[PDB]
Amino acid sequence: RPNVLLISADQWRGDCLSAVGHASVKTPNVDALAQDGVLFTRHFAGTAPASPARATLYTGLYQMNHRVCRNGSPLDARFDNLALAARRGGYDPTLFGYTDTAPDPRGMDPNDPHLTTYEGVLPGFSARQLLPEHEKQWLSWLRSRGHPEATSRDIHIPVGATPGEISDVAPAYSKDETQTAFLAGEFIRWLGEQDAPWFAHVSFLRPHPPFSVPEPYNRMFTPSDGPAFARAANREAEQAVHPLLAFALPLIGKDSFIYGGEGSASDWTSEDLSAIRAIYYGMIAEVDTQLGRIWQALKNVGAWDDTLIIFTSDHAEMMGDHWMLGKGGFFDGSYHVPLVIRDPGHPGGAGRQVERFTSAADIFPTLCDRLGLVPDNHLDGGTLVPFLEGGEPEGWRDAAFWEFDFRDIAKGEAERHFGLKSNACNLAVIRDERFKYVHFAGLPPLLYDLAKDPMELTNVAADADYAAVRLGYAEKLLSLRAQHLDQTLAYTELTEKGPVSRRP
């Protein structure tokens, strides 16, 4: 019955929405969706980076169940997902962009090109417009628009600017020529062809790096603007808190954030990071405008009040916090993501803001509930429908839970550095309103008193006065571990009258 529109925009911070009180950041179209919908203020990714993070999103599972530890980790073919379930509800789930699903290699022919990347399409989606890392479909679209220069990703370098340098200058393409504008247009054309209830997933790359954007967004924000950075006085002191920080922070490269970047991101100053943030803030504004354009096209076709809109991000961005750029680790900056759900079918909950901890694992259970679908296996998340109704679900979680795995199957760098097996190269986070407890399978734990230290700069795990707090969170995490074991078959019992099952 309703149309479903799942919109994701990569690497977008949960605190970077004007609707949540950001000083600098301007998100009017997200705000507009939240005015008529439910905004989730404590929404966390299941994990990081893109492939592990998206496996939570699409399967409704914690990394302890989906087992997608890194970009390139296969996702078991046994797992149900929102695309496959959508089809059991009579929809044809359609993709615009990417899912970053490494397929299950088992049984697949060794010569199959699908075995060579993590940039595969999630089973169940029908691809209308694909757009991988190579962006060849966008480049060819630019060529058809009068850009014979659009022959490579080099087109991302701002006009006249030095390759690999932070620049406020706009690239050769316009604001109506970004990958965002391209994908939105492709969605809008497809939307025009619809004559029945539709299911679409639009996956925008931006505000994910390279950090370059056309006019006006490039200069829309001043480097001096923006909130304080949640960081230690210096990089050395920051890294001294935990072995993982000492290992990971020096390895962050410039190439990952600026097109043509060379060397360590450690060579960028507080000023350089502030300049990057100004561009990032503009990039968020560019995606927001495109969302407005999507809202209008929905109204124009008369879909607006028949469409369940879910806007979110896979994982977020550190953006200078803790002298870091990118995703991964255990800090809030990398995991706290936006979530705005506009359900015209539940007007009761319109205008509301939810302060209960929510997970990316909750999206698939929400869709199942709302669309009257039954998942084919255990799910880790819970339905958000009671929050959309304007109420609160019974037995809801009281802390955010997420995981991060830093194993290296291909090169074994982290394993050699730490002197650990690949199965001990991980952490689990339990985070509520007062504390953050990080447990590492093979490194020391971390405990942050968010009341005293909201910036997470003081590890109090070894302080004797926090010993009982540390023990409490360790045992809470132990119950979470035990409760989230796979219940796919464990909720069934074979009796004399045949199988008997329980509903979660």
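Residues carry their position along the shown sequence, with the first being 1.
As listed in the deposited structure, the average C-alpha B-factor of 490 to 498 and of 17 to 25 is greater for 17 to 25. Judged by mean Cα B factor in the deposited record, 230 to 238 ranks above the other of 230 to 238 and 415 to 423. Across the options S313, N81, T383, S167, the residue with the most elevated CA B-factor in the record is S167. Looking only at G329, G124, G372, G261, the residue with the top Cα B factor in the deposited structure is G261. Among all modelled residues in its chain, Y173 ranks in the highest third by Cα B-factor. When the CA B factors of the chain's modelled residues are split into thirds, the value for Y217 lands in the highest one. Sort the modelled residues of the chain by CA B factor and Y91 lands in the middle third.
Remark: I284 belongs to the highest third of its chain, ranked by C-alpha B-factor as recorded. In the PDB entry, a CA B factor belonging to the highest third of its chain's modelled residues is recorded for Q35.
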